[PDB]
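Some notes on the structure that comes next.
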Amino acid sequence: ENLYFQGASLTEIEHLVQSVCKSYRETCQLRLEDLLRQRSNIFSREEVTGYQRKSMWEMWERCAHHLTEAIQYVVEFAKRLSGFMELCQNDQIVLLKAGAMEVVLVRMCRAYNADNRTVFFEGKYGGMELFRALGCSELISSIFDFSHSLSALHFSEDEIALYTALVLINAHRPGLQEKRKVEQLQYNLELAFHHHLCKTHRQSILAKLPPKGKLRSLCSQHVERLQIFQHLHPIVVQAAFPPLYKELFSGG
Amino acid sequence: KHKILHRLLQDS
Ligand SMILES: CCS(=O)(=O)c1ccc([C@@H](NC(=O)Cc2ccccc2)C(=O)Nc2ccc(C(O)(C(F)(F)F)C(F)(F)F)cc2)cc1
Ligand code: NA
Numbered sequence: 258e259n260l261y262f263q264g265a266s267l268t269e270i271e272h273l274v275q276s277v278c279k280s281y282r283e284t285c286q287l288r289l290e291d292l293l294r295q296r297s298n299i300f301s302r303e304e305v306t307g308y309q310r311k312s313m314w315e316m317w318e319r320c321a322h323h324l325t326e327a328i329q330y331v332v333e334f335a336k337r338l339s340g341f342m343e344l345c346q347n348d349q350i351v352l353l354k355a356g357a358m359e360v361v362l363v364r365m366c367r368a369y370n371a372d373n374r375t376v377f378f379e380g381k382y383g384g385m386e387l388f389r390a391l392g393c394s395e396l397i398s399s400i401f402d403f404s405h406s407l408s409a410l411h412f413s414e415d416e417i418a419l420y421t422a423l424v425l426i427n428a429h430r431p432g433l434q435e436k437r438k439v440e441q442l443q444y445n446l447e448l449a450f451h452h453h454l455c456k457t458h459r460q461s462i463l464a465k466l467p468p469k470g471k472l473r474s475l476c477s478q479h480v481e482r483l484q485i486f487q488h489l490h491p492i493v494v495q496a497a498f499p500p501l502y503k504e505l506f507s508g509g
Numbered sequence: 686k687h688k689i690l691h692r693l694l695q696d697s
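As given, the protein sequences belong to chains A and C, one line each in that order. Reading the first sequence from the start, the letters are residues 258 to 509 in the authors' numbering. Reading the second sequence from the start, the letters are residues 686 to 697 in the authors' numbering.
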């Protein structure tokens, strides 16, 4: 089915670095240059107050829509990733259900400005106080802390490409039918990422990457807070949340 | 019972 489902040579690993970086560039959603340029465009005190005055349900709906748009780009990234389309549909869905939000959380560090602790949201940069109407302050503060910690690594776009391919191709996800195929694809993607770090003298980031439990905790907290919101506003979730978001986080 | 992933995966 795929060359990367077996042992790959050094030349094949070099090809894989290029393929993963290309897949990421083509599906990155927003250009890094565009996010950096917009750092000076910050919501005013008046604009922050307006977001704070929004209802809890209208703010949840807006955030669920923005997350779903980000997730759609991650699904396209997965489809372009060498080997992913050669996995069975059961496994593609297991990997995306478990990993799409983790990839969005990693990609989000590009949109996070560590200098003033702001994130790009709806056209300008705002701090965690922008999201106060959601009623999930611990989860927002945890996402901002995570972005802050990844921002301190000064990732290049190629490092995010290779790190997110690995976040997605995780042979430990429960439910995989072709586990040995995913294990080999994961091994080759790990070699591609580590080869790139070695070549660019960036192997020092390996001990600094967050543990898997960190991404798991963030995803667990998101599903828990969604369950709380859904109990409060069940018809908002049924009637106005995106179908893809419900498929990933509220069992359809 | 929303199933969108199957659609996105099969759409070429
Ligand atoms: C993730 C891929 S990338 O880095 O290219 C990239 C980053 C940020 C956005 C940003 N684009 C918009 O807003 C859409 C737009 C833009 C202009 C006008 C109107 C509309 C975006 O979607 N932000 C954004 C932040 C934070 C969230 C949280 O849900 C979370 F939990 F993820 F942090 C929130 F809770 F903070 F809200 C959710 C969404 C999009 C892509
Ligand atoms: Na950043």
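Note that the Cβ used here is the ideal one computed from N, Cα and C, for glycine as well.
Interface residues of chain C around residue i at Cβ under 9 Å?
i, result
"A:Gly-509", "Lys-686, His-687 and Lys-688"
"A:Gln-349", "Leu-690 and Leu-694"
"A:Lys-438", "Residues of chain C passing the Cβ test: none, with the nearest at roughly 17 Å."
"A:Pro-431", "Neighbours of A:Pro-431 on chain C: none; closest Cβ ~17 Å, over 9 Å."
"A:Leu-501", "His-687, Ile-689, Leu-690 and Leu-693"
In terms of alpha-carbon separation, which member of the options lies closest to residue i?
i, options, result
"A:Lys-465", "A:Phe-506, A:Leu-425, A:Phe-412 and A:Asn-427", "A:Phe-412"
"A:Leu-505", "A:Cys-366, A:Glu-416, A:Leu-344 and A:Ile-328", "A:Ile-328"
"A:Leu-338", "A:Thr-268, A:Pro-431, A:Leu-273 and A:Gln-487", "A:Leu-273"
"A:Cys-476", "A:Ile-397, A:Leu-260 and A:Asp-291", "A:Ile-397"
"A:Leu-472", "A:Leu-362, A:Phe-341, A:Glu-271 and A:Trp-314", "A:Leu-362"
"residue 227 of chain A", "A:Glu-414, A:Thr-375, A:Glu-416 and A:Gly-380", "Chain A is shown only over 258 to 509; residue 227 of chain A falls outside these bounds and no answer can be derived."
"C:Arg-692", "A:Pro-500, A:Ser-507 and A:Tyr-281", "A:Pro-500"
"A:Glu-416", "A:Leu-260, A:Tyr-261, A:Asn-370 and A:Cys-278", "A:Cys-278"
"A:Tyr-420", "A:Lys-336, A:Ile-462 and A:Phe-341", "A:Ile-462"
"A:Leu-483", "A:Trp-314, A:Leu-293 and A:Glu-343", "A:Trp-314"
"A:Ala-390", "A:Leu-267, A:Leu-260, A:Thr-268 and A:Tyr-308", "A:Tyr-308"
"A:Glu-326", "A:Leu-293, A:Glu-304, A:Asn-298 and A:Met-365", "A:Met-365"
"A:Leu-344", "A:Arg-437, A:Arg-459 and A:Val-493", "A:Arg-437"
"A:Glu-447", "A:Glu-258, A:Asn-259 and A:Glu-271", "A:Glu-271"
"A:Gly-392", "A:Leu-293, A:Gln-286 and A:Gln-478", "A:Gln-478"
"A:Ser-404", "A:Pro-467, A:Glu-440 and A:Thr-268", "A:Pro-467"
"A:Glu-379", "A:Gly-432, A:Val-439, A:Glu-414 and A:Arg-296", "A:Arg-296"
"A:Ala-418", "A:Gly-264, A:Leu-289, A:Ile-299 and A:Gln-263", "A:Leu-289"
"A:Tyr-369", "A:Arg-302, A:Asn-298 and A:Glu-435", "A:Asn-298"
"A:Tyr-444", "A:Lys-456, A:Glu-303, A:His-429 and A:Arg-367", "A:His-429"
"A:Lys-469", "A:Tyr-261, A:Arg-367 and A:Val-360", "A:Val-360"
"A:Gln-263", "A:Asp-372, A:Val-439, A:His-322 and A:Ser-507", "A:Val-439"
"A:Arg-302", "A:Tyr-382, A:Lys-503 and A:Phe-486", "A:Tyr-382"
"A:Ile-485", "A:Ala-497, A:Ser-474 and A:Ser-507", "A:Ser-507"
"A:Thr-457", "A:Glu-414, A:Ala-497, A:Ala-496 and A:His-488", "A:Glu-414"
Note down, in chain order, every chain C residue with its Cβ under 8 Å from the Cβ of residue i.
i, result
"A:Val-332", "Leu-690, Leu-693 and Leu-694"
"A:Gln-346", "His-691 and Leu-694"
"A:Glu-504", "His-687, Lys-688, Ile-689 and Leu-690"
Using a C-beta to C-beta distance shorter than 7 Å, which residues of chain C count as neighbours of residue i?
i, result
"A:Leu-353", "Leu-690"
"A:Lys-279", "Chain C residues near A:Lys-279: none, gap ~18 Å exceeds 7 Å."
*For the region 313-322 of chain A against the region 436-455 of chain A, are there 3 or more C-beta pairs whose distance is under 8 Å?*
Short answer: they don't touch.
_Does the structure place the region 346-356 of chain A close enough to the region 380-396 of chain A that three or more beta carbon pairs sit under 8 Å?_
Using a Cβ-Cβ distance cut-off of 8 Å, the region 380-396 of chain A and the region 346-356 of chain A are not in contact, since fewer than three pairs of beta carbons, one from each stretch, lie closer than that value.
*For the 8 Å Cβ check, are there 3 or more pairs between the region 322-336 of chain A and the region 396-413 of chain A?*
With the cut-off at 8 Å, the region 322-336 of chain A and the region 396-413 of chain A do not touch.
*Does the region 424-432 of chain A come close enough to the region 351-364 of chain A to have 3 or more Cβ pairs within less than 8 Å?*
Yes, the region 424-432 of chain A is in contact with the region 351-364 of chain A.
_Residues with C-beta closer than 5 Å to any heavy atom of ligand 2, in chain order_ = Near ligand 2, meaning a Cβ closer than 5 Å to any of its heavy atoms, lie the following residues in chain order: A:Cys-366, A:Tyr-369 and A:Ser-408.
_Please identify, using Cβ separations under 9 Å, the residues of the region 469-488 of chain A that lie next to chain C, in order along the chain._
The residues in question: there are none.
*Can you list, in chain order, the residues of the region 442-462 of chain A whose Cβ is nearer than 7 Å to any Cβ on chain C?*
Within the region 442-462 of chain A, no residue qualifies.
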